[PDB]
$ cat model_16.cif   # mmCIF, N, CA and C atoms
data_coords
loop_
_atom_site.label_atom_id
_atom_site.label_comp_id
_atom_site.auth_asym_id
_atom_site.auth_seq_id
_atom_site.Cartn_x
_atom_site.Cartn_y
_atom_site.Cartn_z
N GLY A 372 6.13 4.79 0.98
CA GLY A 372 4.86 4.36 1.55
C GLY A 372 4.35 3.08 0.92
N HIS A 373 3.25 3.19 0.18
CA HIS A 373 2.65 2.04 -0.48
C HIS A 373 1.49 2.48 -1.38
N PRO A 374 1.64 2.32 -2.71
CA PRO A 374 0.60 2.70 -3.68
C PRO A 374 -0.62 1.80 -3.59
N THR A 375 -1.80 2.41 -3.58
CA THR A 375 -3.05 1.65 -3.50
C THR A 375 -3.87 1.82 -4.77
N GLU A 376 -4.44 3.01 -4.97
CA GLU A 376 -5.24 3.27 -6.16
C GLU A 376 -5.73 4.72 -6.22
N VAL A 377 -6.24 5.23 -5.10
CA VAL A 377 -6.74 6.60 -5.08
C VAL A 377 -5.79 7.53 -4.33
N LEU A 378 -5.78 8.80 -4.71
CA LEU A 378 -4.90 9.79 -4.09
C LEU A 378 -5.58 10.47 -2.91
N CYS A 379 -4.78 10.93 -1.95
CA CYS A 379 -5.29 11.60 -0.77
C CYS A 379 -4.83 13.05 -0.73
N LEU A 380 -5.70 13.94 -0.28
CA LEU A 380 -5.38 15.36 -0.20
C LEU A 380 -5.77 15.94 1.16
N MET A 381 -4.78 16.12 2.03
CA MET A 381 -5.01 16.67 3.36
C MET A 381 -4.29 18.00 3.54
N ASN A 382 -4.64 18.70 4.62
CA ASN A 382 -4.04 19.99 4.93
C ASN A 382 -4.21 20.98 3.78
N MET A 383 -5.44 21.13 3.31
CA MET A 383 -5.73 22.05 2.21
C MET A 383 -7.23 22.32 2.10
N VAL A 384 -7.98 21.96 3.13
CA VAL A 384 -9.42 22.17 3.14
C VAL A 384 -9.95 22.33 4.56
N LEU A 385 -10.65 23.43 4.81
CA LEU A 385 -11.22 23.70 6.12
C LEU A 385 -12.75 23.60 6.07
N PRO A 386 -13.40 23.24 7.20
CA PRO A 386 -14.86 23.12 7.25
C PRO A 386 -15.56 24.44 6.99
N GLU A 387 -14.86 25.54 7.23
CA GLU A 387 -15.42 26.87 7.02
C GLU A 387 -15.39 27.23 5.54
N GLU A 388 -14.77 26.36 4.74
CA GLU A 388 -14.66 26.57 3.30
C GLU A 388 -15.54 25.58 2.54
N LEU A 389 -15.61 24.35 3.04
CA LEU A 389 -16.42 23.32 2.40
C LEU A 389 -17.88 23.44 2.82
N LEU A 390 -18.33 24.68 3.02
CA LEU A 390 -19.70 24.94 3.42
C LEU A 390 -20.36 25.93 2.47
N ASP A 391 -19.54 26.61 1.68
CA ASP A 391 -20.04 27.59 0.72
C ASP A 391 -20.13 26.97 -0.68
N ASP A 392 -21.09 27.44 -1.47
CA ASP A 392 -21.28 26.92 -2.82
C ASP A 392 -20.19 27.42 -3.76
N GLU A 393 -19.67 28.62 -3.48
CA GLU A 393 -18.63 29.21 -4.31
C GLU A 393 -17.29 28.54 -4.03
N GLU A 394 -16.96 28.39 -2.75
CA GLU A 394 -15.71 27.77 -2.35
C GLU A 394 -15.67 26.31 -2.78
N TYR A 395 -16.78 25.60 -2.56
CA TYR A 395 -16.87 24.19 -2.92
C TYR A 395 -16.58 23.98 -4.40
N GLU A 396 -17.38 24.62 -5.25
CA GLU A 396 -17.21 24.50 -6.70
C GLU A 396 -15.80 24.91 -7.12
N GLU A 397 -15.18 25.79 -6.34
CA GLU A 397 -13.83 26.26 -6.65
C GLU A 397 -12.79 25.17 -6.39
N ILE A 398 -12.95 24.44 -5.29
CA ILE A 398 -12.02 23.38 -4.94
C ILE A 398 -12.21 22.14 -5.82
N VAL A 399 -13.43 21.64 -5.88
CA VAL A 399 -13.74 20.47 -6.68
C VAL A 399 -13.27 20.63 -8.13
N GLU A 400 -13.58 21.78 -8.73
CA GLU A 400 -13.20 22.04 -10.11
C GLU A 400 -11.68 22.10 -10.28
N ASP A 401 -11.05 23.03 -9.57
CA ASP A 401 -9.60 23.20 -9.64
C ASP A 401 -8.87 21.88 -9.36
N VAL A 402 -9.14 21.30 -8.20
CA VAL A 402 -8.52 20.03 -7.80
C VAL A 402 -8.68 18.97 -8.88
N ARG A 403 -9.80 19.02 -9.60
CA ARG A 403 -10.07 18.05 -10.66
C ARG A 403 -9.17 18.29 -11.86
N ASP A 404 -9.23 19.50 -12.42
CA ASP A 404 -8.42 19.86 -13.57
C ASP A 404 -6.93 19.63 -13.30
N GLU A 405 -6.53 19.84 -12.05
CA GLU A 405 -5.13 19.67 -11.66
C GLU A 405 -4.77 18.19 -11.59
N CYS A 406 -5.63 17.41 -10.94
CA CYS A 406 -5.40 15.97 -10.80
C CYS A 406 -5.41 15.28 -12.16
N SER A 407 -6.08 15.89 -13.13
CA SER A 407 -6.16 15.33 -14.47
C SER A 407 -5.01 15.82 -15.34
N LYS A 408 -3.87 16.09 -14.72
CA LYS A 408 -2.69 16.57 -15.43
C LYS A 408 -1.58 15.53 -15.40
N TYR A 409 -1.70 14.58 -14.48
CA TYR A 409 -0.70 13.53 -14.33
C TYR A 409 -1.24 12.21 -14.86
N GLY A 410 -2.56 12.15 -15.04
CA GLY A 410 -3.19 10.94 -15.53
C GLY A 410 -4.69 11.06 -15.63
N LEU A 411 -5.39 10.00 -15.25
CA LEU A 411 -6.85 9.98 -15.29
C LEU A 411 -7.44 9.89 -13.89
N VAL A 412 -8.42 10.74 -13.60
CA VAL A 412 -9.08 10.74 -12.30
C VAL A 412 -10.56 10.39 -12.44
N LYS A 413 -10.95 9.26 -11.87
CA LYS A 413 -12.33 8.80 -11.93
C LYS A 413 -13.29 9.85 -11.37
N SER A 414 -13.12 10.16 -10.09
CA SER A 414 -13.98 11.15 -9.44
C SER A 414 -13.26 11.82 -8.27
N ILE A 415 -14.01 12.57 -7.47
CA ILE A 415 -13.45 13.27 -6.32
C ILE A 415 -14.45 13.31 -5.17
N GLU A 416 -14.00 12.90 -3.99
CA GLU A 416 -14.86 12.89 -2.81
C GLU A 416 -14.41 13.95 -1.81
N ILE A 417 -15.20 15.01 -1.68
CA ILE A 417 -14.89 16.10 -0.76
C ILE A 417 -16.09 16.40 0.14
N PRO A 418 -16.00 16.05 1.45
CA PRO A 418 -17.10 16.28 2.40
C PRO A 418 -17.65 17.70 2.33
N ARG A 419 -18.95 17.82 2.60
CA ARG A 419 -19.62 19.11 2.57
C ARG A 419 -20.65 19.19 3.70
N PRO A 420 -20.19 19.36 4.95
CA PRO A 420 -21.07 19.44 6.12
C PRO A 420 -22.24 20.39 5.90
N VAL A 421 -23.45 19.84 5.94
CA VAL A 421 -24.65 20.64 5.74
C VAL A 421 -24.95 21.50 6.97
N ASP A 422 -24.53 22.76 6.91
CA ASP A 422 -24.74 23.69 8.02
C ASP A 422 -24.08 23.13 9.26
N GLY A 423 -23.12 22.25 9.04
CA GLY A 423 -22.41 21.62 10.13
C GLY A 423 -22.91 20.20 10.36
N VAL A 424 -23.38 19.57 9.29
CA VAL A 424 -23.91 18.22 9.37
C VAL A 424 -22.79 17.18 9.47
N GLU A 425 -21.70 17.41 8.75
CA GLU A 425 -20.58 16.48 8.75
C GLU A 425 -19.28 17.16 9.18
N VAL A 426 -19.39 18.08 10.13
CA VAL A 426 -18.22 18.79 10.64
C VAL A 426 -17.28 17.87 11.42
N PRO A 427 -17.84 17.02 12.29
CA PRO A 427 -17.05 16.08 13.09
C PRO A 427 -16.40 15.03 12.20
N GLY A 428 -15.33 15.44 11.53
CA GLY A 428 -14.61 14.56 10.63
C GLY A 428 -14.19 15.29 9.37
N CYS A 429 -14.78 16.46 9.15
CA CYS A 429 -14.46 17.28 7.98
C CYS A 429 -13.04 17.82 8.07
N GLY A 430 -12.41 18.01 6.92
CA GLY A 430 -11.05 18.52 6.89
C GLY A 430 -10.13 17.73 5.98
N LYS A 431 -10.58 16.54 5.58
CA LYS A 431 -9.78 15.68 4.70
C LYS A 431 -10.57 15.30 3.45
N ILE A 432 -9.98 15.56 2.29
CA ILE A 432 -10.62 15.23 1.02
C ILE A 432 -9.65 14.48 0.11
N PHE A 433 -10.14 13.99 -1.02
CA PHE A 433 -9.29 13.24 -1.94
C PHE A 433 -9.97 13.01 -3.28
N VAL A 434 -9.28 12.27 -4.15
CA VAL A 434 -9.80 11.97 -5.48
C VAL A 434 -9.60 10.49 -5.84
N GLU A 435 -10.58 9.92 -6.51
CA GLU A 435 -10.52 8.53 -6.93
C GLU A 435 -9.76 8.42 -8.24
N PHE A 436 -8.55 7.88 -8.18
CA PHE A 436 -7.72 7.74 -9.36
C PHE A 436 -7.99 6.41 -10.06
N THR A 437 -7.47 6.27 -11.28
CA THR A 437 -7.65 5.05 -12.06
C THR A 437 -6.48 4.09 -11.89
N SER A 438 -5.26 4.63 -11.96
CA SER A 438 -4.06 3.81 -11.81
C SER A 438 -3.08 4.44 -10.83
N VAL A 439 -2.36 3.59 -10.10
CA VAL A 439 -1.39 4.05 -9.12
C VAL A 439 -0.16 4.64 -9.80
N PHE A 440 -0.04 4.41 -11.11
CA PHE A 440 1.09 4.92 -11.87
C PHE A 440 1.07 6.44 -11.89
N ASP A 441 -0.05 6.99 -12.33
CA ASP A 441 -0.21 8.43 -12.39
C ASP A 441 -0.44 8.98 -10.98
N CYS A 442 -1.04 8.16 -10.13
CA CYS A 442 -1.30 8.55 -8.74
C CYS A 442 0.00 8.82 -8.01
N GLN A 443 1.05 8.10 -8.41
CA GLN A 443 2.37 8.26 -7.81
C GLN A 443 3.07 9.49 -8.36
N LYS A 444 3.06 9.62 -9.68
CA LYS A 444 3.70 10.76 -10.34
C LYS A 444 2.95 12.06 -10.02
N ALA A 445 1.76 11.92 -9.45
CA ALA A 445 0.95 13.08 -9.09
C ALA A 445 1.28 13.56 -7.68
N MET A 446 1.17 12.66 -6.71
CA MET A 446 1.46 13.00 -5.32
C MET A 446 2.92 13.41 -5.16
N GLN A 447 3.79 12.85 -6.00
CA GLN A 447 5.22 13.16 -5.94
C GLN A 447 5.47 14.61 -6.36
N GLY A 448 4.48 15.21 -7.00
CA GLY A 448 4.61 16.59 -7.44
C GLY A 448 3.70 17.53 -6.68
N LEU A 449 2.81 16.96 -5.87
CA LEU A 449 1.88 17.76 -5.08
C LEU A 449 2.41 17.99 -3.67
N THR A 450 3.34 17.13 -3.25
CA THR A 450 3.93 17.24 -1.92
C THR A 450 4.97 18.35 -1.87
N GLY A 451 4.79 19.28 -0.94
CA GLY A 451 5.72 20.38 -0.80
C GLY A 451 5.16 21.68 -1.36
N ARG A 452 4.08 21.58 -2.11
CA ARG A 452 3.45 22.76 -2.71
C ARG A 452 2.68 23.55 -1.64
N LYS A 453 1.64 24.26 -2.07
CA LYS A 453 0.84 25.06 -1.14
C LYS A 453 -0.53 25.39 -1.73
N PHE A 454 -1.58 24.89 -1.09
CA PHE A 454 -2.95 25.14 -1.55
C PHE A 454 -3.24 26.64 -1.58
N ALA A 455 -2.69 27.36 -0.61
CA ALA A 455 -2.89 28.80 -0.52
C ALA A 455 -1.82 29.44 0.36
N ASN A 456 -1.64 28.89 1.56
CA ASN A 456 -0.65 29.40 2.50
C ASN A 456 -0.25 28.33 3.50
N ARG A 457 -0.41 27.07 3.10
CA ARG A 457 -0.07 25.94 3.96
C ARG A 457 0.38 24.75 3.12
N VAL A 458 1.48 24.12 3.52
CA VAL A 458 2.01 22.98 2.79
C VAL A 458 0.97 21.87 2.68
N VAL A 459 0.72 21.43 1.45
CA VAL A 459 -0.26 20.37 1.20
C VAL A 459 0.32 19.00 1.56
N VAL A 460 -0.46 18.23 2.31
CA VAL A 460 -0.03 16.89 2.72
C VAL A 460 -0.77 15.82 1.92
N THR A 461 -0.19 15.43 0.79
CA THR A 461 -0.79 14.40 -0.06
C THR A 461 -0.31 13.01 0.33
N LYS A 462 -1.20 12.03 0.24
CA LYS A 462 -0.86 10.66 0.58
C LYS A 462 -1.61 9.67 -0.31
N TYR A 463 -1.64 8.41 0.12
CA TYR A 463 -2.32 7.36 -0.63
C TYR A 463 -3.53 6.85 0.15
N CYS A 464 -4.58 6.45 -0.58
CA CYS A 464 -5.79 5.94 0.06
C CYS A 464 -6.32 4.71 -0.67
N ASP A 465 -6.96 3.82 0.08
CA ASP A 465 -7.51 2.59 -0.47
C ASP A 465 -8.87 2.85 -1.12
N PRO A 466 -9.06 2.40 -2.38
CA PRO A 466 -10.33 2.57 -3.10
C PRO A 466 -11.52 2.04 -2.32
N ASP A 467 -11.29 0.98 -1.55
CA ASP A 467 -12.35 0.38 -0.75
C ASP A 467 -12.87 1.37 0.29
N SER A 468 -11.97 1.85 1.14
CA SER A 468 -12.33 2.82 2.17
C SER A 468 -12.96 4.06 1.54
N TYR A 469 -12.48 4.41 0.35
CA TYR A 469 -12.99 5.56 -0.36
C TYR A 469 -14.48 5.40 -0.64
N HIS A 470 -14.84 4.26 -1.21
CA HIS A 470 -16.22 3.95 -1.54
C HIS A 470 -17.13 4.12 -0.32
N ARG A 471 -16.71 3.55 0.81
CA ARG A 471 -17.49 3.64 2.04
C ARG A 471 -17.26 4.96 2.75
N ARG A 472 -16.38 5.79 2.19
CA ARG A 472 -16.07 7.09 2.78
C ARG A 472 -15.53 6.91 4.20
N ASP A 473 -15.04 5.70 4.48
CA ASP A 473 -14.48 5.38 5.79
C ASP A 473 -13.36 6.35 6.16
N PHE A 474 -12.81 7.02 5.15
CA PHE A 474 -11.72 7.98 5.35
C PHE A 474 -10.48 7.28 5.89
N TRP A 475 -9.48 7.12 5.03
CA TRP A 475 -8.23 6.47 5.41
C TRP A 475 -7.06 7.45 5.31
N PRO B 13 -12.85 23.58 -20.61
CA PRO B 13 -12.26 23.44 -19.27
C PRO B 13 -11.53 24.71 -18.83
N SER B 14 -12.03 25.34 -17.77
CA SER B 14 -11.43 26.55 -17.24
C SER B 14 -10.60 26.26 -16.00
N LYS B 15 -10.23 27.31 -15.28
CA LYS B 15 -9.43 27.17 -14.06
C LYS B 15 -8.15 26.39 -14.33
N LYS B 16 -7.40 26.84 -15.34
CA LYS B 16 -6.15 26.19 -15.71
C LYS B 16 -4.96 27.14 -15.53
N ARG B 17 -5.19 28.41 -15.82
CA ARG B 17 -4.14 29.42 -15.69
C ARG B 17 -4.73 30.76 -15.28
N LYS B 18 -4.78 31.00 -13.97
CA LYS B 18 -5.32 32.25 -13.44
C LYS B 18 -4.90 32.44 -11.99
N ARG B 19 -5.20 31.44 -11.16
CA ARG B 19 -4.86 31.50 -9.74
C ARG B 19 -4.08 30.26 -9.31
N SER B 20 -2.80 30.45 -8.99
CA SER B 20 -1.96 29.34 -8.56
C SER B 20 -2.46 28.76 -7.25
N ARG B 21 -2.70 27.45 -7.24
CA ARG B 21 -3.19 26.77 -6.04
C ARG B 21 -2.13 25.82 -5.49
N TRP B 22 -0.90 25.95 -5.98
CA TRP B 22 0.19 25.10 -5.53
C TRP B 22 1.49 25.90 -5.43
N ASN B 23 1.44 27.01 -4.71
CA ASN B 23 2.61 27.87 -4.53
C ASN B 23 3.53 27.31 -3.46
N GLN B 24 4.34 28.19 -2.87
CA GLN B 24 5.28 27.78 -1.82
C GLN B 24 5.89 29.00 -1.13
N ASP B 25 6.17 30.04 -1.92
CA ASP B 25 6.75 31.26 -1.39
C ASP B 25 5.78 32.43 -1.52
#
$ encode --input "model_16.cif" --output "structure tokens"
Amino acid sequence: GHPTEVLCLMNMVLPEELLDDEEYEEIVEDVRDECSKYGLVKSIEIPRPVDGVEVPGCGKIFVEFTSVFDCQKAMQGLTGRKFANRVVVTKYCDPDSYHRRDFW
Amino acid sequence: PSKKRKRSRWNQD
């Protein structure tokens, strides 16, 4: 593909899950501690439709990485795994689009 | 830091 800066995490989050306080804290926390195993992760952006406020677009989340070096060694080990019962589709995302949440 | 070894979130089988 092409390394940019931030990592992408798709096919591992549903709108029916990113609506609960328990499920949310569970994903953000876990995904964080995990992403911080291959390198350094600045932050994490995971939509949270307010009672269905951001549903039209919900389903894709990711984390803001520091370097593409660890971002590569990370996604290379996250691809093929399983968030729970579905193959996780990790990719690369541009820090710019991330900031604006343009979703890439 | 918790949530490190309890519930696998990257299985396959």
$ interface_residues --input "model_16.cif" --of "chain B" --to "chain A" --cutoff "6 Å" --atoms "only C-alpha atoms" --output "ChimeraX atom specification"
/B:15,21-24
$ atom_distance --input "model_16.cif" --atom1 "atom C of residue A:443" --atom2 "atom C of residue A:465"
15.5 Å
$ atom_distance --input "model_16.cif" --atom1 "atom CA of residue A:419" --atom2 "atom CA of residue A:407"
22.0 Å
$ resolve_selection --input "model_16.cif" --expression "the PyMOL selection byres (((chain A and resi 431 and name CA) around 9) and name CA)" --output "ChimeraX atom specification"
/A:379-385,417-418,428-430,432-433,474
$ atom_distance --input "model_16.cif" --atom1 "atom CA of residue A:408" --atom2 "atom CA of residue A:378"
13.4 Å
$ residues_around --input "model_16.cif" --residues "residue A:440" --least-positions-apart "6" --cutoff "8 Å" --atoms "all atoms listed in the file" --output "CSV table (one decimal) with N, CA and C atoms, in the coordinates of the input"
chain,number,residue,atom,x,y,z
A,374,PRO,N,1.6,2.3,-2.7
A,374,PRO,CA,0.6,2.7,-3.7
A,374,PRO,C,-0.6,1.8,-3.6
A,375,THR,N,-1.8,2.4,-3.6
A,375,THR,CA,-3.0,1.6,-3.5
A,375,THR,C,-3.9,1.8,-4.8
A,376,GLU,N,-4.4,3.0,-5.0
A,376,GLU,CA,-5.2,3.3,-6.2
A,376,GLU,C,-5.7,4.7,-6.2
A,409,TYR,N,-1.7,14.6,-14.5
A,409,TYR,CA,-0.7,13.5,-14.3
A,409,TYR,C,-1.2,12.2,-14.9
A,410,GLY,N,-2.6,12.2,-15.0
A,410,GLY,CA,-3.2,10.9,-15.5
A,410,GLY,C,-4.7,11.1,-15.6
$ residues_around --input "model_16.cif" --residues "residue A:437" --least-positions-apart "6" --cutoff "5 Å" --atoms "only N, CA and C atoms" --output "PyMOL selection string"
chain A and resi 411-413
$ axis_aligned_box --input "model_16.cif" --around "stretch 18-21 of chain B" --padding-each-side "5 Å" --output "lines of an AutoDock Vina configuration file"
center_x = -3.6
center_y = 29.1
center_z = -9.7
size_x = 13.4
size_y = 16.6
size_z = 18.5
$ residues_around --input "model_16.cif" --residues "residue A:373" --least-positions-apart "6" --cutoff "10 Å" --atoms "only C-alpha atoms" --output "list in words"
residues 439, 443, 462, 463 and 464 of chain A
$ build_atoms --input "model_16.cif" --residues "chain B" --atoms "N, CA, C and O atoms" --output "short mmCIF file (atom, residue, chain, number, x, y, z; two decimals), in the coordinates of the input"
data_model
loop_
_atom_site.label_atom_id
_atom_site.label_comp_id
_atom_site.auth_asym_id
_atom_site.auth_seq_id
_atom_site.Cartn_x
_atom_site.Cartn_y
_atom_site.Cartn_z
N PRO B 13 -12.85 23.58 -20.61
CA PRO B 13 -12.26 23.44 -19.27
C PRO B 13 -11.53 24.71 -18.83
O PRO B 13 -10.53 25.10 -19.43
N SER B 14 -12.03 25.34 -17.77
CA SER B 14 -11.43 26.55 -17.24
C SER B 14 -10.60 26.26 -16.00
O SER B 14 -10.31 25.10 -15.70
N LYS B 15 -10.23 27.31 -15.28
CA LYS B 15 -9.43 27.17 -14.06
C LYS B 15 -8.15 26.39 -14.33
O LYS B 15 -7.84 25.42 -13.65
N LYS B 16 -7.40 26.84 -15.34
CA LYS B 16 -6.15 26.19 -15.71
C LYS B 16 -4.96 27.14 -15.53
O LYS B 16 -3.88 26.72 -15.14
N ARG B 17 -5.19 28.41 -15.82
CA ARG B 17 -4.14 29.42 -15.69
C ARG B 17 -4.73 30.76 -15.28
O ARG B 17 -5.13 31.57 -16.12
N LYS B 18 -4.78 31.00 -13.97
CA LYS B 18 -5.32 32.25 -13.44
C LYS B 18 -4.90 32.44 -11.99
O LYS B 18 -4.34 33.47 -11.62
N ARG B 19 -5.20 31.44 -11.16
CA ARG B 19 -4.86 31.50 -9.74
C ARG B 19 -4.08 30.26 -9.31
O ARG B 19 -4.63 29.16 -9.27
N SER B 20 -2.80 30.45 -8.99
CA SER B 20 -1.96 29.34 -8.56
C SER B 20 -2.46 28.76 -7.25
O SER B 20 -2.64 29.48 -6.26
N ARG B 21 -2.70 27.45 -7.24
CA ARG B 21 -3.19 26.77 -6.04
C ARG B 21 -2.13 25.82 -5.49
O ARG B 21 -2.43 24.98 -4.63
N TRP B 22 -0.90 25.95 -5.98
CA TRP B 22 0.19 25.10 -5.53
C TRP B 22 1.49 25.90 -5.43
O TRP B 22 2.51 25.52 -6.00
N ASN B 23 1.44 27.01 -4.71
CA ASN B 23 2.61 27.87 -4.53
C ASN B 23 3.53 27.31 -3.46
O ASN B 23 3.52 26.11 -3.18
N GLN B 24 4.34 28.19 -2.87
CA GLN B 24 5.28 27.78 -1.82
C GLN B 24 5.89 29.00 -1.13
O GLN B 24 6.10 29.00 0.08
N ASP B 25 6.17 30.04 -1.92
CA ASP B 25 6.75 31.26 -1.39
C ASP B 25 5.78 32.43 -1.52
O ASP B 25 5.36 32.72 -2.66
#
